[PDB]
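Only one chain is included here, represented as structure tokens and corresponding to the form deposited in one PDB entry.
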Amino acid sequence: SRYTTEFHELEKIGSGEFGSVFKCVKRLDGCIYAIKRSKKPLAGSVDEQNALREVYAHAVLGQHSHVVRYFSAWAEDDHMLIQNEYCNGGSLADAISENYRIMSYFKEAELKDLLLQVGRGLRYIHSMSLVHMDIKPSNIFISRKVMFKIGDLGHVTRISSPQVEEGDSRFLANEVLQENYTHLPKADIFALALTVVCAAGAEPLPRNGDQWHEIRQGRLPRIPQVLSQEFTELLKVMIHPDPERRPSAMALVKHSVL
């Protein structure tokens, strides 16, 4: 087994529909990697395209400081193993859930830092003619003196001739749900705004119903802590019902707020 031959397993760090992920030491270099163990996707299936989407994306992108690195992938028995960069801070979803536990929270200054860092990852992805299409806190990772990294590229597709697999409906822009795949970079912007809203302590986001449509009409979820009215205004226009009104990642990362 390549897995046990060249890695030593330290700790299971996650499980779910995605399979399970283990923190491991690679014996040769002594470095830490997050290895994902999934059922071998059925050939010709959705899961296979997800996995080849992920391969293509990292091959296009290569290494970037705000993207979780992708090292190798192989099969053993009826499972697929993926070797990724290990981010010692977990996902933003873990950090949020931790904030509820200890009654802490991300201040405006930290929320701005989160927006800028992920914005730069998006800036790079979009500059390479790709879109991520599943931005959300559980796909943002933390290396700790803090680096935010975009992970799980299974939904990445090309701006020209896209193959869209819709992301989590809680973070999905209305126009994508309407099968309008013509301004997809602004779908990432929309989902990043709501990702930051979650980080700010907002209540869990709706999957459907009155509240869902109210957000897609441009109404920002209520945030308990106090933010400058202009930072609030920035998040608002990132969820503007008109995608062309939302700032591009390029515009977002050259935006004035530091």
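Sequential numbering from 1, following the sequence displayed. Heads up, when I say rigid core I mean the largest set of C-alphas that superpose within 1.5 Å between the two forms.
The following text describes the form deposited in another entry, which does not appear among the structures shown.
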C-alpha of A59 off by 2 Å or more between this form and the one not shown on rigid core: yes
Did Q163 shift 2 Å or more between this form and the one not shown, C-alpha, core superposed: yes
Core-aligned C-alpha movement of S127 between this form and the one not shown, 2 Å or more: no
CA-CA separation of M103 and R222, closer or farther in the other entry than in the form shown [shift of 3 angstroms or more]: closer
